[PDB]
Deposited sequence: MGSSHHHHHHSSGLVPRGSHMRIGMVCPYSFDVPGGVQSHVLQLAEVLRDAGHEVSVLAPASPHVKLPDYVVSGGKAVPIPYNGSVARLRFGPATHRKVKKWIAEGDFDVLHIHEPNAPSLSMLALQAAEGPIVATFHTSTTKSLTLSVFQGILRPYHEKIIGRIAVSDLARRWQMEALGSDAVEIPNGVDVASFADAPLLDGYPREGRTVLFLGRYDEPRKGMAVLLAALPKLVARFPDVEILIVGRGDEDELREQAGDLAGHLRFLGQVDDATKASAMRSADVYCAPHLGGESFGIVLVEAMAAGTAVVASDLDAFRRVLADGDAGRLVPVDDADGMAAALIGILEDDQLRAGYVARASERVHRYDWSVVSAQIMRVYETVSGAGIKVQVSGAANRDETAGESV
């Protein structure tokens, strides 16, 4: 198989979609397939030579040509499009392409905002997608309600062994204990304000806590907000993946205090693969990763003092924690790429046939 994939986002920054596409590509090549990845210009990062640039959004004419040419020249058995929002690189590809098209819908909000987008003026184009992948069962059911055709739920994957076998960061684990936060801490939806509001109760119990923070942001503003407790914040910046795996595996707990906006809790999966216990907001996506409290602690959404207690309960009860970790490590095999790339491949096989190729409309 020759598989064309389109990522709508630059690889210049980390994200769930970017990282899904690149690992999926790598995994597919290791099975003997040829994969070509189209994405916007990512000049700031070293990419393998199978990643092709769609240009920079200001998308202009050179990009429309590049997409038509990449399809026409690519000899693809399947075109796999990710997040075809309008406007986007993916949606451009979906409008230019004819034939064996697969789409993954990484995000959703509501039933209504799925029926309308699918059944609206972009319907003609959404109907061209022959294999439709949703990242949850409810999302999948919405797509089925919308267009009257079969969609499939397939979770995003991880490489479970790259966390499980990550080397510890130096000086770890710590005796005062660490809690990990990962993400762009200054979008409110990521819930840094909740972890911040829980720091005083945490610090009054573990007076040598560290909050290990992965992600880009304004350390100055957060330091200023932690007030007298800013000494407890250790910022790794936007670290690389191997150091991120090391960071997760050297923390005693991972804190996901998100306020909303999450369709798949992929960082939670990364913590479960690492063998690090999880404490999470309890958005619907986190509830399904953690299995209703079986593989991690779920805290109500905007609950500062419930979040303190949870993290304190996890850190002072070693058997409770070791339980989570052991249960989570059994379950996380669900998400491992060898499960997930198999499901995706059965979609590729459904959609494609003896010498049928993707062509330009």
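**Q** Hey, which stretches of the deposited sequence didn't make it into the model?
**A** Counting from residue 1, the stretches without coordinates are 1-20, 79-90, 394-406.
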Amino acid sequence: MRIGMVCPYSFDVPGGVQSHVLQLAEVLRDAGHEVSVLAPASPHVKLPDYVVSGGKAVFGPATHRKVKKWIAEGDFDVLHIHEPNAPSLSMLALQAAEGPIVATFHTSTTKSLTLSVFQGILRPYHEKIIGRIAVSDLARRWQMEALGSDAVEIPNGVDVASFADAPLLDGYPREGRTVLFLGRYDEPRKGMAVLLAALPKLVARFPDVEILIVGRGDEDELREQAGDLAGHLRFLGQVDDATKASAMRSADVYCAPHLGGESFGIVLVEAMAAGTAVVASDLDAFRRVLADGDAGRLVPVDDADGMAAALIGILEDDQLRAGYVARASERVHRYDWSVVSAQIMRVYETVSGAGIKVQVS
From here on, numbers count along this sequence of modelled residues.
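**Q** Please confirm whether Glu262, modelled here, goes without coordinates in at least one third of the other compared entries that cover both its neighbours.
**A** No, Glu262 is modelled in every other compared entry.
**Q** State whether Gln143, though modelled here, is left unmodelled in a third or more of the other entries compared.
**A** Looking at the other entries that model residues on either side of it, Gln143 is missing from at least a third.
**Q** Among the modelled residues of its chain, does the C-alpha B-factor of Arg177 lie in the lowest, middle or highest third?
**A** For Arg177, the deposited C-alpha B-factor lands in the middle third.
**Q** Could you say whether, by C-alpha temperature factor, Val351 belongs to the lowest, middle or highest third of its chain?
**A** Tercile = highest for this residue's CA B-factor.
**Q** State the tercile, meaning the lowest, middle or highest third, of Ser246 with respect to the CA B-factors recorded for its chain.
**A** As the PDB entry reports it, the C-alpha B-factor of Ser246 lands in the middle third of its chain.
**Q** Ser329: which third of its chain by C-alpha temperature factor?
**A** It belongs to the highest third of the chain when residues are ordered by C-alpha B-factor.
**Q** Where does the C-alpha B-factor of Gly157 rank in its chain, lowest, middle or highest third?
**A** Its C-alpha B-factor, which the entry lists for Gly157, ranks in the lowest third among residues of this chain.
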